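Enquirer: Following this message is one structure expressed as structure tokens.
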Amino acid sequence: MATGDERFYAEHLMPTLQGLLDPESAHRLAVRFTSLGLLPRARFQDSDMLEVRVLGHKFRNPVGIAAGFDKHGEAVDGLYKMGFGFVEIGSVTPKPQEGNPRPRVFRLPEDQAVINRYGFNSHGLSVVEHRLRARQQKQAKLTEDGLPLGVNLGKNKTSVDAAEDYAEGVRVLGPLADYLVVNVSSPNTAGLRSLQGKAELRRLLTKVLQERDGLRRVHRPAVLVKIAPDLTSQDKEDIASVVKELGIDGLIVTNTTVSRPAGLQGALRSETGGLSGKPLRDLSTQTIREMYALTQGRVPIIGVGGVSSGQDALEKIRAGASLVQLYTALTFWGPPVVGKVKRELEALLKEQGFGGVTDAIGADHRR
Ligand SMILES: Cc1cc2nc3c(=O)[nH]c(=O)nc-3n(C[C@H](O)[C@H](O)[C@H](O)COP(=O)(O)O)c2cc1C
Ligand SMILES: O=C(O)c1[nH]c(=O)[nH]c(=O)c1CCc1ccc(-c2ccccc2)cc1
Ligand SMILES: CCCCCCCCCC[N+](C)(C)[O-]
Ligand SMILES: CCCCCCCCCC[N+](C)(C)[O-]
Ligand SMILES: CCCCCCCCCC[N+](C)(C)[O-]
Ligand SMILES: CCCCCCCCCC[N+](C)(C)[O-]
Ligand SMILES: CCCCCCCCCC[N+](C)(C)[O-]
Ligand SMILES: CCCCCCCCCC[N+](C)(C)[O-]
Ligand SMILES: O=C(O)c1cc(=O)[nH]c(=O)[nH]1
Ligand SMILES: [Cl-]
């Protein structure tokens with residue numbers, strides 16, 4: 001196949017919207033529309049070849065919405081409707097906070113990229129908890145039906161105890177989540193990425209895991225750590241070592257990059273913030289590949305960064321990802337991108353002689 005809506009969105013609707021509205025306004029409107037289920041028809045029907053079992057769950061397809069689109073858990077059901085196999089909300093911080101001053105998001109159209117410096121704009125734990133609670137049973141059913149929910153946790157700008165911020169998040173939202181993410185890789189909170197270093201991480205993660213283990217069984221989420229694409233080889237080794245020592249459930253690979261790859265064309269390339277989309281794609285993929293190897297393929301990875309096609313998804317899966325996420329591609333191609341990626345991925349799995357996604361995970365390593 002290959003669709004009318006895909007072409008219409010790509011060639012007319014999205015460019016027109018970007019023309020009318022700055023990126024943060026467009027994002028806010030998109031959250032609203034999605035929250036109301038005002039979406040183009042998602043014709044694609046997930047086949048069994050797309051199902052994955054990981055992280056204590058069944059995932060009907062392996063394509064999720066990355067953190068940052070639904071920061072505050074306002075559009076979860078709309079996102080499933082859009083065809084994502086799983087939804088991750090957040091980052092959520094303990095107390096509400098405004099984030100950085102505007103403008104703080106920038107398009108690089110020539111690069112199929114975005115740069116953001118939101119700074120964990122967040123409604124806070126309390127608000128989000130209540131919002132999730134209002135739909136908790138409906139989510140339990142969705143999760144049973146292979147449509148899990150992740151919650152990504154951040155820390156407030158003025159916090160004097162990062163580990164406590166994460167612990168508070170585990171206590172408040174963990175009971176509502178299939179998986180939690182310790183996001184220690186935003187580039188837009190001072191000092192945060194230092195939490196990726198070995199001693200800090202071990203201390204923070206031990207606390208987080210303790211908190212988690214203290215939740216009742218039916219409310220006990222998987223815990224993953226989301227890492228930057230900008231780590232040294234030493235940092236990566238250290239993270240793998242800690243994940244193994246502590247039994248962390250998985251990794252999310254990667255956040256945005258503070259690098260500016262050679263060749264960027266957008267006028268806005270030198271704006272401060274994290275860069276996402278196509279220029280991030282292979283950097284991301286390579287990081288997955290390295291982490292999979294460092295963890296002996298025993299630690300589930302959710303691969304993210306510059307996925308806008310089936311090939312992109314498959315490349316990450318073959319590199320070691322059990323699941324993938326996308327955000328920036330949505331910002332270019334709109335909702336039809338979801339079915340596009342899934343249709344393309346199913347075709348390529350068939351063409352490469354995989355019985356389904358599961359058979360492709362980590363395949364490059366076994367060559
Ligand atoms: C506007 C924007 C906001 C984001 N905010 C968050 C966040 O709150 N937490 C997080 O873990 N990642 C956040 N990210 C990163 C994405 O989850 C993802 O890791 C990254 O953008 C790479 O995927 P992509 O190239 O498909 O966008 C954000 C990304 C963008 C573009
Ligand atoms: O337009 C953007 O630049 C932008 N930037 C971001 O950083 N985040 C965003 O979310 C966006 C907007 C992307 C978007 C997503 C969904 C839609 C949509 C939703 C429902 C129905 C039709 C379109 C439209 C635009
Ligand atoms: C101005 C010359 C015509 C170019 C417009 C592009 C053709 C249609 C694009 C795809 N469609 C919107 C029909 O789905
Ligand atoms: C609310 C819709 C207002 C639309 C006004 C702009 C129409 C320009 C069409 C541009 N394009 C050829 C890319 O579709
Ligand atoms: C109101 C300012 C002009 C924007 C009108 C909306 C259509 C913009 C489409 C731009 N472009 C031709 C590059 O697609
Ligand atoms: C709402 C402020 C700017 C308008 C941008 C585009 C809105 C398009 C509305 C489409 N719809 C068919 C649902 O009415
Ligand atoms: C009814 C047409 C409304 C005029 C819209 C003016 C364009 C807004 C500027 C957005 N921008 C090009 C900076 O993205
Ligand atoms: C955030 C920009 C949204 C603009 C276009 C919305 C199109 C909605 C189509 C709804 N329908 C249910 C009619 O498909
Ligand atoms: O809120 C942000 O600035 C944000 C958080 C995150 O983890 N990644 C990112 O690119 N932006
Ligand atoms: Cl420059």
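Ligands are numbered from 1 in the order shown, chains are lettered A, B, ... in the order of the structure tokens, and residues start at 1 in each chain.
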Quick one: DSSP strand (DSSP E) residues in segment 126-246 of chain A, as a PyMOL selection string?
Expert: chain A and resi 149-153+179-183+222-227
Enquirer: Using only C-alpha atoms and all ligand atoms, what table do you get, as JSON lines, when you list each residue of chain A with an atom no more than 9 Å from ligand 8, its nearest pair of atoms, and their distance in Å rounded to one decimal, rows by chain then rising number?
Expert:
{"residue": "A:9", "atom": "CA", "partner": "ligand 8", "partner_atom_place_in_ligand_line": "5 (C)", "distance": 9.0}
{"residue": "A:13", "atom": "CA", "partner": "ligand 8", "partner_atom_place_in_ligand_line": "5 (C)", "distance": 7.2}
{"residue": "A:14", "atom": "CA", "partner": "ligand 8", "partner_atom_place_in_ligand_line": "2 (C)", "distance": 7.9}
{"residue": "A:17", "atom": "CA", "partner": "ligand 8", "partner_atom_place_in_ligand_line": "2 (C)", "distance": 6.7}
{"residue": "A:26", "atom": "CA", "partner": "ligand 8", "partner_atom_place_in_ligand_line": "1 (C)", "distance": 6.2}
{"residue": "A:27", "atom": "CA", "partner": "ligand 8", "partner_atom_place_in_ligand_line": "1 (C)", "distance": 7.3}
{"residue": "A:28", "atom": "CA", "partner": "ligand 8", "partner_atom_place_in_ligand_line": "1 (C)", "distance": 8.0}
{"residue": "A:29", "atom": "CA", "partner": "ligand 8", "partner_atom_place_in_ligand_line": "1 (C)", "distance": 4.8}
{"residue": "A:30", "atom": "CA", "partner": "ligand 8", "partner_atom_place_in_ligand_line": "1 (C)", "distance": 3.8}
{"residue": "A:31", "atom": "CA", "partner": "ligand 8", "partner_atom_place_in_ligand_line": "1 (C)", "distance": 7.5}
{"residue": "A:32", "atom": "CA", "partner": "ligand 8", "partner_atom_place_in_ligand_line": "1 (C)", "distance": 7.5}
{"residue": "A:33", "atom": "CA", "partner": "ligand 8", "partner_atom_place_in_ligand_line": "1 (C)", "distance": 5.8}
{"residue": "A:34", "atom": "CA", "partner": "ligand 8", "partner_atom_place_in_ligand_line": "1 (C)", "distance": 7.9}
{"residue": "A:37", "atom": "CA", "partner": "ligand 8", "partner_atom_place_in_ligand_line": "12 (C)", "distance": 7.3}
{"residue": "A:38", "atom": "CA", "partner": "ligand 8", "partner_atom_place_in_ligand_line": "10 (C)", "distance": 4.5}
{"residue": "A:39", "atom": "CA", "partner": "ligand 8", "partner_atom_place_in_ligand_line": "10 (C)", "distance": 4.6}
{"residue": "A:40", "atom": "CA", "partner": "ligand 8", "partner_atom_place_in_ligand_line": "14 (O)", "distance": 4.2}
{"residue": "A:41", "atom": "CA", "partner": "ligand 8", "partner_atom_place_in_ligand_line": "14 (O)", "distance": 6.1}
{"residue": "A:334", "atom": "CA", "partner": "ligand 8", "partner_atom_place_in_ligand_line": "2 (C)", "distance": 8.7}
Enquirer: Where does DSSP see helix (DSSP H, G or I) in segment 99-296 of chain A, if you list the residues as a ChimeraX atom specification?
Expert: /A:109-111,125-133,136-144,162-176,192-196,198-213,217-219,233-246,278-294
Enquirer: Write a file of the selected residues as a JSON list (two decimals), in the first residue's frame, keeping C-alpha atoms.
Expert:
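Final file, part-v5.json:
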[["chain", "number", "residue", "atom", "x", "y", "z"],
["A", 109, "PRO", "CA", 12.87, 21.81, 8.10],
["A", 110, "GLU", "CA", 15.81, 21.35, 5.76],
["A", 111, "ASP", "CA", 17.13, 18.77, 8.19],
["A", 125, "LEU", "CA", 2.80, 14.74, 39.92],
["A", 126, "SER", "CA", -0.48, 15.60, 41.61],
["A", 127, "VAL", "CA", -2.26, 16.75, 38.55],
["A", 128, "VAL", "CA", -1.01, 13.92, 36.40],
["A", 129, "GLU", "CA", -1.83, 11.35, 39.08],
["A", 130, "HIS", "CA", -5.40, 12.51, 39.11],
["A", 131, "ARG", "CA", -5.64, 12.53, 35.37],
["A", 132, "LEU", "CA", -4.34, 8.99, 35.15],
["A", 133, "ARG", "CA", -6.52, 7.84, 38.00],
["A", 136, "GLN", "CA", -7.01, 3.79, 35.45],
["A", 137, "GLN", "CA", -9.42, 0.94, 34.77],
["A", 138, "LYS", "CA", -9.68, 1.74, 31.12],
["A", 139, "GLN", "CA", -5.86, 1.64, 31.01],
["A", 140, "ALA", "CA", -5.77, -1.66, 32.82],
["A", 141, "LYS", "CA", -7.92, -3.06, 30.08],
["A", 142, "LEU", "CA", -5.81, -1.46, 27.34],
["A", 143, "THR", "CA", -2.70, -2.93, 28.88],
["A", 144, "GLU", "CA", -4.30, -6.33, 28.99],
["A", 162, "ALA", "CA", 17.38, 14.59, 42.76],
["A", 163, "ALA", "CA", 17.07, 11.07, 43.99],
["A", 164, "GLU", "CA", 14.14, 12.13, 46.17],
["A", 165, "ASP", "CA", 12.40, 13.75, 43.23],
["A", 166, "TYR", "CA", 12.59, 10.45, 41.38],
["A", 167, "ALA", "CA", 11.51, 8.52, 44.40],
["A", 168, "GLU", "CA", 8.45, 10.72, 44.79],
["A", 169, "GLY", "CA", 7.61, 10.02, 41.23],
["A", 170, "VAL", "CA", 7.87, 6.31, 41.70],
["A", 171, "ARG", "CA", 5.56, 6.49, 44.68],
["A", 172, "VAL", "CA", 3.00, 8.69, 43.01],
["A", 173, "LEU", "CA", 2.88, 7.46, 39.45],
["A", 174, "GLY", "CA", 4.48, 4.08, 39.60],
["A", 175, "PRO", "CA", 1.21, 2.51, 40.67],
["A", 176, "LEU", "CA", -0.40, 3.85, 37.53],
["A", 192, "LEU", "CA", 20.83, 16.39, 35.19],
["A", 193, "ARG", "CA", 23.03, 14.42, 32.79],
["A", 194, "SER", "CA", 25.70, 14.06, 35.49],
["A", 195, "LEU", "CA", 23.26, 11.61, 37.07],
["A", 196, "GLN", "CA", 24.35, 9.23, 34.32],
["A", 198, "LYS", "CA", 28.35, 5.64, 37.65],
["A", 199, "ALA", "CA", 28.35, 6.48, 41.31],
["A", 200, "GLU", "CA", 25.46, 8.90, 41.01],
["A", 201, "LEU", "CA", 23.51, 6.48, 38.93],
["A", 202, "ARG", "CA", 24.07, 3.58, 41.23],
["A", 203, "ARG", "CA", 22.91, 5.61, 44.18],
["A", 204, "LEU", "CA", 19.88, 7.04, 42.42],
["A", 205, "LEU", "CA", 18.83, 3.75, 40.89],
["A", 206, "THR", "CA", 19.18, 1.79, 44.07],
["A", 207, "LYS", "CA", 16.76, 4.29, 45.73],
["A", 208, "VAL", "CA", 14.40, 4.18, 42.78],
["A", 209, "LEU", "CA", 14.34, 0.42, 42.68],
["A", 210, "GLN", "CA", 13.78, 0.17, 46.41],
["A", 211, "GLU", "CA", 10.77, 2.45, 46.12],
["A", 212, "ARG", "CA", 9.44, 0.47, 43.27],
["A", 213, "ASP", "CA", 9.86, -2.86, 44.99],
["A", 217, "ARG", "CA", 2.59, -6.42, 43.10],
["A", 218, "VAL", "CA", -0.21, -5.43, 40.84],
["A", 219, "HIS", "CA", 1.06, -1.88, 40.93],
["A", 233, "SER", "CA", 32.50, 5.04, 25.89],
["A", 234, "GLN", "CA", 33.30, 5.02, 29.59],
["A", 235, "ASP", "CA", 29.91, 6.37, 30.53],
["A", 236, "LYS", "CA", 28.25, 3.67, 28.49],
["A", 237, "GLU", "CA", 30.32, 0.93, 30.03],
["A", 238, "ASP", "CA", 29.49, 2.25, 33.46],
["A", 239, "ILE", "CA", 25.80, 2.38, 32.76],
["A", 240, "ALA", "CA", 25.74, -1.16, 31.47],
["A", 241, "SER", "CA", 27.56, -2.30, 34.53],
["A", 242, "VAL", "CA", 25.15, -0.61, 36.88],
["A", 243, "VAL", "CA", 22.08, -1.83, 35.05],
["A", 244, "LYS", "CA", 23.35, -5.37, 35.43],
["A", 245, "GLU", "CA", 24.39, -4.99, 39.04],
["A", 246, "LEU", "CA", 21.01, -3.60, 40.05],
["A", 278, "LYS", "CA", 16.86, 12.63, 11.16],
["A", 279, "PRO", "CA", 20.26, 13.98, 12.19],
["A", 280, "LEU", "CA", 19.94, 12.03, 15.38],
["A", 281, "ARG", "CA", 18.88, 8.76, 13.79],
["A", 282, "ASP", "CA", 22.11, 6.86, 13.24],
["A", 283, "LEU", "CA", 23.78, 8.20, 16.32],
["A", 284, "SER", "CA", 20.81, 6.76, 18.16],
["A", 285, "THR", "CA", 21.00, 3.46, 16.38],
["A", 286, "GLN", "CA", 24.67, 3.15, 17.11],
["A", 287, "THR", "CA", 24.08, 3.80, 20.77],
["A", 288, "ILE", "CA", 21.49, 1.03, 20.81],
["A", 289, "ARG", "CA", 23.91, -1.25, 19.16],
["A", 290, "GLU", "CA", 26.58, -0.57, 21.74],
["A", 291, "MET", "CA", 24.26, -0.89, 24.73],
["A", 292, "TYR", "CA", 22.82, -4.18, 23.47],
["A", 293, "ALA", "CA", 26.31, -5.59, 23.23],
["A", 294, "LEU", "CA", 27.43, -4.22, 26.64]]
Enquirer: Could you report the residues within 6 Å of ligand 7, using only C-alpha atoms and all ligand atoms, as a VMD selection string?
Expert: chain A and resid 18 to 22
Enquirer: Which residues are near ligand 10 - at most 12 Å, using only C-alpha atoms and all ligand atoms? Format: as an NGL selection string.
Expert: :A and (260-272)
Enquirer: Create the file for the chosen residues now, containing N, CA, C and O atoms and written as a PDB file, in the first residue's frame.
Expert:
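Writing done, so here's result-v3.pdb:
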ATOM      1  N   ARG A 260      25.822  18.991  17.257  1.00  0.00           N
ATOM      2  CA  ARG A 260      25.255  19.566  16.055  1.00  0.00           C
ATOM      3  C   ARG A 260      26.035  18.927  14.894  1.00  0.00           C
ATOM      4  O   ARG A 260      27.126  19.415  14.547  1.00  0.00           O
ATOM      5  N   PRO A 261      25.525  17.777  14.436  1.00  0.00           N
ATOM      6  CA  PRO A 261      26.234  17.071  13.363  1.00  0.00           C
ATOM      7  C   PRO A 261      26.554  17.981  12.274  1.00  0.00           C
ATOM      8  O   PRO A 261      25.886  18.909  11.803  1.00  0.00           O
ATOM      9  N   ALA A 262      27.776  17.736  11.666  1.00  0.00           N
ATOM     10  CA  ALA A 262      28.119  18.495  10.520  1.00  0.00           C
ATOM     11  C   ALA A 262      27.053  18.324   9.430  1.00  0.00           C
ATOM     12  O   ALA A 262      26.452  17.277   9.301  1.00  0.00           O
ATOM     13  N   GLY A 263      26.787  19.399   8.700  1.00  0.00           N
ATOM     14  CA  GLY A 263      25.831  19.359   7.600  1.00  0.00           C
ATOM     15  C   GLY A 263      24.429  19.903   7.805  1.00  0.00           C
ATOM     16  O   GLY A 263      23.627  19.988   6.916  1.00  0.00           O
ATOM     17  N   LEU A 264      24.092  20.184   9.083  1.00  0.00           N
ATOM     18  CA  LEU A 264      22.822  20.802   9.271  1.00  0.00           C
ATOM     19  C   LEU A 264      22.632  22.083   8.472  1.00  0.00           C
ATOM     20  O   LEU A 264      23.591  22.931   8.464  1.00  0.00           O
ATOM     21  N   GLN A 265      21.473  22.229   7.892  1.00  0.00           N
ATOM     22  CA  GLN A 265      21.152  23.367   7.011  1.00  0.00           C
ATOM     23  C   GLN A 265      20.174  24.381   7.661  1.00  0.00           C
ATOM     24  O   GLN A 265      20.131  25.581   7.204  1.00  0.00           O
ATOM     25  N   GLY A 266      19.382  23.937   8.649  1.00  0.00           N
ATOM     26  CA  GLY A 266      18.322  24.831   9.160  1.00  0.00           C
ATOM     27  C   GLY A 266      19.026  26.117   9.687  1.00  0.00           C
ATOM     28  O   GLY A 266      20.082  26.128  10.310  1.00  0.00           O
ATOM     29  N   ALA A 267      18.257  27.191   9.466  1.00  0.00           N
ATOM     30  CA  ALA A 267      18.753  28.474   9.972  1.00  0.00           C
ATOM     31  C   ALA A 267      18.929  28.524  11.472  1.00  0.00           C
ATOM     32  O   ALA A 267      19.764  29.267  12.001  1.00  0.00           O
ATOM     33  N   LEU A 268      18.103  27.651  12.167  1.00  0.00           N
ATOM     34  CA  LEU A 268      18.012  27.615  13.604  1.00  0.00           C
ATOM     35  C   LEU A 268      18.957  26.616  14.299  1.00  0.00           C
ATOM     36  O   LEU A 268      18.833  26.303  15.463  1.00  0.00           O
ATOM     37  N   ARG A 269      19.897  26.045  13.504  1.00  0.00           N
ATOM     38  CA  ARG A 269      20.802  25.000  14.000  1.00  0.00           C
ATOM     39  C   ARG A 269      21.606  25.295  15.210  1.00  0.00           C
ATOM     40  O   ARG A 269      22.045  24.407  15.918  1.00  0.00           O
ATOM     41  N   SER A 270      21.925  26.589  15.454  1.00  0.00           N
ATOM     42  CA  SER A 270      22.740  26.928  16.529  1.00  0.00           C
ATOM     43  C   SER A 270      21.909  27.401  17.770  1.00  0.00           C
ATOM     44  O   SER A 270      22.535  27.916  18.720  1.00  0.00           O
ATOM     45  N   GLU A 271      20.606  27.231  17.767  1.00  0.00           N
ATOM     46  CA  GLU A 271      19.800  27.403  18.967  1.00  0.00           C
ATOM     47  C   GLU A 271      20.250  26.393  20.048  1.00  0.00           C
ATOM     48  O   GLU A 271      20.564  25.237  19.710  1.00  0.00           O
ATOM     49  N   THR A 272      20.279  26.769  21.313  1.00  0.00           N
ATOM     50  CA  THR A 272      20.536  25.901  22.448  1.00  0.00           C
ATOM     51  C   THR A 272      19.370  24.930  22.624  1.00  0.00           C
ATOM     52  O   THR A 272      18.197  25.262  22.447  1.00  0.00           O
TER      53      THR A 272
END
Enquirer: Which one is closest to residue 317 of chain A: A:48, A:103, A:72, A:63? Count only C-alpha atoms.
Expert: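 Using only C-alpha atoms, the shortest distance to residue 317 of chain A belongs to A:63.
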Enquirer: If you take only C-alpha atoms and all ligand atoms and a cut-off of 7 Å, which residues of chain A touch ligand 4, and what are their nearest atom pairs and distances in Å to one decimal, in chain and number order, as CSV?
Expert:
residue,atom,partner,partner_atom_place_in_ligand_line,distance
A:11,CA,ligand 4,13 (C),6.2
A:12,CA,ligand 4,14 (O),3.9
A:13,CA,ligand 4,14 (O),6.4
A:15,CA,ligand 4,13 (C),5.6
A:16,CA,ligand 4,13 (C),5.4
Enquirer: So that I have them on file, write out the residues from the current selection with C-alpha atoms, as a PDB file, in the first residue's frame.
Expert:
ATOM      1  CA  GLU A  11       2.506  17.656   1.214  1.00  0.00           C
ATOM      2  CA  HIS A  12      -0.323  19.940   2.317  1.00  0.00           C
ATOM      3  CA  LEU A  13      -1.726  19.844   5.813  1.00  0.00           C
ATOM      4  CA  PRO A  15       3.350  22.424   5.787  1.00  0.00           C
ATOM      5  CA  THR A  16       0.283  24.662   6.008  1.00  0.00           C
TER       6      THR A  16
END
Enquirer: Sorted by chain and rising residue number, which residues of chain A lie within 6 Å of ligand 1, and what are their closest atom pairs and distances in Å to one decimal, counting only C-alpha atoms and all ligand atoms, as a Markdown table?
Expert:
| residue | atom | partner | partner_atom_place_in_ligand_line | distance |
| --- | --- | --- | --- | --- |
| A:66 | CA | ligand 1 | 17 (O) | 4.2 |
| A:67 | CA | ligand 1 | 17 (O) | 3.9 |
| A:68 | CA | ligand 1 | 5 (N) | 3.3 |
| A:71 | CA | ligand 1 | 8 (O) | 5.9 |
| A:90 | CA | ligand 1 | 8 (O) | 5.1 |
| A:91 | CA | ligand 1 | 8 (O) | 3.8 |
| A:114 | CA | ligand 1 | 31 (C) | 6.0 |
| A:116 | CA | ligand 1 | 1 (C) | 5.2 |
| A:120 | CA | ligand 1 | 8 (O) | 5.7 |
| A:183 | CA | ligand 1 | 11 (O) | 5.5 |
| A:254 | CA | ligand 1 | 19 (O) | 5.3 |
| A:255 | CA | ligand 1 | 19 (O) | 3.6 |
| A:256 | CA | ligand 1 | 20 (C) | 4.7 |
| A:276 | CA | ligand 1 | 25 (O) | 4.1 |
| A:277 | CA | ligand 1 | 25 (O) | 3.6 |
| A:304 | CA | ligand 1 | 23 (O) | 4.9 |
| A:305 | CA | ligand 1 | 23 (O) | 3.5 |
| A:306 | CA | ligand 1 | 25 (O) | 3.6 |
| A:307 | CA | ligand 1 | 26 (O) | 5.3 |
| A:326 | CA | ligand 1 | 26 (O) | 3.5 |
| A:327 | CA | ligand 1 | 26 (O) | 4.0 |
| A:328 | CA | ligand 1 | 27 (O) | 3.7 |
| A:329 | CA | ligand 1 | 26 (O) | 5.9 |
Enquirer: Export, as a tab-separated table (two decimals), in the first residue's frame, the selected residues with C-alpha atoms.
Expert:
chain	number	residue	atom	x	y	z
A	66	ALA	CA	8.17	9.03	22.74
A	67	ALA	CA	8.12	11.20	25.85
A	68	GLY	CA	7.63	14.91	25.30
A	71	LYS	CA	4.01	15.70	28.80
A	90	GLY	CA	6.06	12.86	30.56
A	91	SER	CA	8.56	13.96	31.70
A	114	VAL	CA	13.77	19.97	15.76
A	116	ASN	CA	13.91	22.02	21.92
A	120	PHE	CA	10.57	20.11	31.90
A	183	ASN	CA	15.05	10.29	32.74
A	254	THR	CA	18.26	7.81	23.19
A	255	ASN	CA	17.20	11.28	24.29
A	256	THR	CA	18.03	14.30	22.09
A	276	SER	CA	15.90	15.36	17.39
A	277	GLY	CA	14.81	13.84	14.05
A	304	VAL	CA	14.32	6.14	19.76
A	305	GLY	CA	15.73	8.94	17.64
A	306	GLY	CA	14.97	9.84	14.05
A	307	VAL	CA	12.50	7.03	13.24
A	326	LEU	CA	9.04	8.29	17.51
A	327	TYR	CA	8.12	11.96	18.07
A	328	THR	CA	9.79	14.29	15.60
A	329	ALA	CA	8.54	12.45	12.52
Enquirer: Would you tabulate, counting only C-alpha atoms and all ligand atoms, all residues of chain A that have an atom at most 8 Å from an atom of ligand 3, showing the closest pair of atoms and their distance in Å to one decimal, sorted by chain then ascending number, as a Markdown table?
Expert:
| residue | atom | partner | partner_atom_place_in_ligand_line | distance |
| --- | --- | --- | --- | --- |
| A:3 | CA | ligand 3 | 14 (O) | 7.8 |
| A:4 | CA | ligand 3 | 14 (O) | 4.6 |
| A:5 | CA | ligand 3 | 14 (O) | 6.0 |
| A:6 | CA | ligand 3 | 14 (O) | 7.1 |
| A:7 | CA | ligand 3 | 14 (O) | 4.4 |
| A:8 | CA | ligand 3 | 12 (C) | 3.5 |
| A:9 | CA | ligand 3 | 12 (C) | 7.1 |
| A:10 | CA | ligand 3 | 10 (C) | 8.0 |
| A:11 | CA | ligand 3 | 9 (C) | 5.7 |
| A:12 | CA | ligand 3 | 12 (C) | 6.1 |
Enquirer: Next, dump the selected residues to file, keeping only N, CA and C atoms, as a PDB file, in the first residue's frame.
Expert:
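Done, and the output landed in result_30.pdb:
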ATOM      1  N   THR A   3      -0.416   5.868   1.218  1.00  0.00           N
ATOM      2  CA  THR A   3      -1.754   6.314   1.291  1.00  0.00           C
ATOM      3  C   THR A   3      -1.959   7.777   0.883  1.00  0.00           C
ATOM      4  N   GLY A   4      -3.149   7.984   0.382  1.00  0.00           N
ATOM      5  CA  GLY A   4      -3.678   9.319   0.321  1.00  0.00           C
ATOM      6  C   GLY A   4      -3.550  10.279   1.463  1.00  0.00           C
ATOM      7  N   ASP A   5      -3.870   9.827   2.659  1.00  0.00           N
ATOM      8  CA  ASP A   5      -3.737  10.660   3.818  1.00  0.00           C
ATOM      9  C   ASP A   5      -2.248  10.945   4.036  1.00  0.00           C
ATOM     10  N   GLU A   6      -1.401   9.942   3.836  1.00  0.00           N
ATOM     11  CA  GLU A   6       0.006  10.139   4.095  1.00  0.00           C
ATOM     12  C   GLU A   6       0.501  11.295   3.239  1.00  0.00           C
ATOM     13  N   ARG A   7       0.190  11.217   1.962  1.00  0.00           N
ATOM     14  CA  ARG A   7       0.588  12.269   1.029  1.00  0.00           C
ATOM     15  C   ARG A   7      -0.052  13.627   1.299  1.00  0.00           C
ATOM     16  N   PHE A   8      -1.325  13.635   1.643  1.00  0.00           N
ATOM     17  CA  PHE A   8      -2.008  14.886   1.908  1.00  0.00           C
ATOM     18  C   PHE A   8      -1.408  15.583   3.124  1.00  0.00           C
ATOM     19  N   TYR A   9      -1.165  14.815   4.176  1.00  0.00           N
ATOM     20  CA  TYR A   9      -0.594  15.416   5.369  1.00  0.00           C
ATOM     21  C   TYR A   9       0.797  15.954   5.129  1.00  0.00           C
ATOM     22  N   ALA A  10       1.559  15.137   4.464  1.00  0.00           N
ATOM     23  CA  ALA A  10       2.948  15.439   4.233  1.00  0.00           C
ATOM     24  C   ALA A  10       3.166  16.617   3.314  1.00  0.00           C
ATOM     25  N   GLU A  11       2.365  16.659   2.260  1.00  0.00           N
ATOM     26  CA  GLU A  11       2.506  17.656   1.214  1.00  0.00           C
ATOM     27  C   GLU A  11       1.662  18.906   1.431  1.00  0.00           C
ATOM     28  N   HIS A  12       0.514  18.789   2.070  1.00  0.00           N
ATOM     29  CA  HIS A  12      -0.323  19.940   2.317  1.00  0.00           C
ATOM     30  C   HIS A  12      -0.711  20.354   3.729  1.00  0.00           C
TER      31      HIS A  12
END
Enquirer: Which residue gives the smallest distance to residue 297 of chain A among A:251, A:330, A:190, A:313, with only C-alpha atoms counted?
Expert: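 That would be A:251, the residue with the smallest distance to residue 297 of chain A.
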Enquirer: Would you mind listing what lies within 8 Å of segment 349-358 of chain A as a PyMOL selection string, with only C-alpha atoms counted and same-chain residues fewer than 6 positions away left out?
Expert: chain A and resi 48-52+62+314+317+322
Enquirer: Okay, now the selection with N, CA and C atoms, as a PDB file, in the first residue's frame?
Expert:
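Output file again.pdb is given in full below:
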ATOM      1  N   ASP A  48      -0.248 -10.085  13.668  1.00  0.00           N
ATOM      2  CA  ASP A  48       0.391 -10.783  14.708  1.00  0.00           C
ATOM      3  C   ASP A  48       1.932 -10.716  14.619  1.00  0.00           C
ATOM      4  N   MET A  49       2.484 -10.485  13.418  1.00  0.00           N
ATOM      5  CA  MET A  49       3.970 -10.449  13.217  1.00  0.00           C
ATOM      6  C   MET A  49       4.540  -9.225  13.983  1.00  0.00           C
ATOM      7  N   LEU A  50       3.670  -8.293  14.331  1.00  0.00           N
ATOM      8  CA  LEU A  50       4.135  -7.018  14.992  1.00  0.00           C
ATOM      9  C   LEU A  50       4.084  -7.076  16.500  1.00  0.00           C
ATOM     10  N   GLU A  51       3.465  -8.139  17.070  1.00  0.00           N
ATOM     11  CA  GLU A  51       3.365  -8.284  18.512  1.00  0.00           C
ATOM     12  C   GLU A  51       4.692  -8.587  19.145  1.00  0.00           C
ATOM     13  N   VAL A  52       5.002  -8.000  20.241  1.00  0.00           N
ATOM     14  CA  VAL A  52       6.195  -8.242  21.040  1.00  0.00           C
ATOM     15  C   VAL A  52       5.864  -8.429  22.481  1.00  0.00           C
ATOM     16  N   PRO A  62       5.204  -2.538  17.908  1.00  0.00           N
ATOM     17  CA  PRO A  62       6.363  -2.097  18.640  1.00  0.00           C
ATOM     18  C   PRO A  62       6.615  -0.581  18.471  1.00  0.00           C
ATOM     19  N   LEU A 314      13.272  -0.835  11.678  1.00  0.00           N
ATOM     20  CA  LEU A 314      13.896  -2.139  11.589  1.00  0.00           C
ATOM     21  C   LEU A 314      15.357  -2.035  11.907  1.00  0.00           C
ATOM     22  N   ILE A 317      15.699  -2.114  15.539  1.00  0.00           N
ATOM     23  CA  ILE A 317      15.309  -3.437  16.060  1.00  0.00           C
ATOM     24  C   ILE A 317      16.465  -4.436  15.825  1.00  0.00           C
ATOM     25  N   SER A 322      13.924  -3.855  21.319  1.00  0.00           N
ATOM     26  CA  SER A 322      12.746  -4.620  21.293  1.00  0.00           C
ATOM     27  C   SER A 322      11.502  -3.872  20.891  1.00  0.00           C
TER      28      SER A 322
END
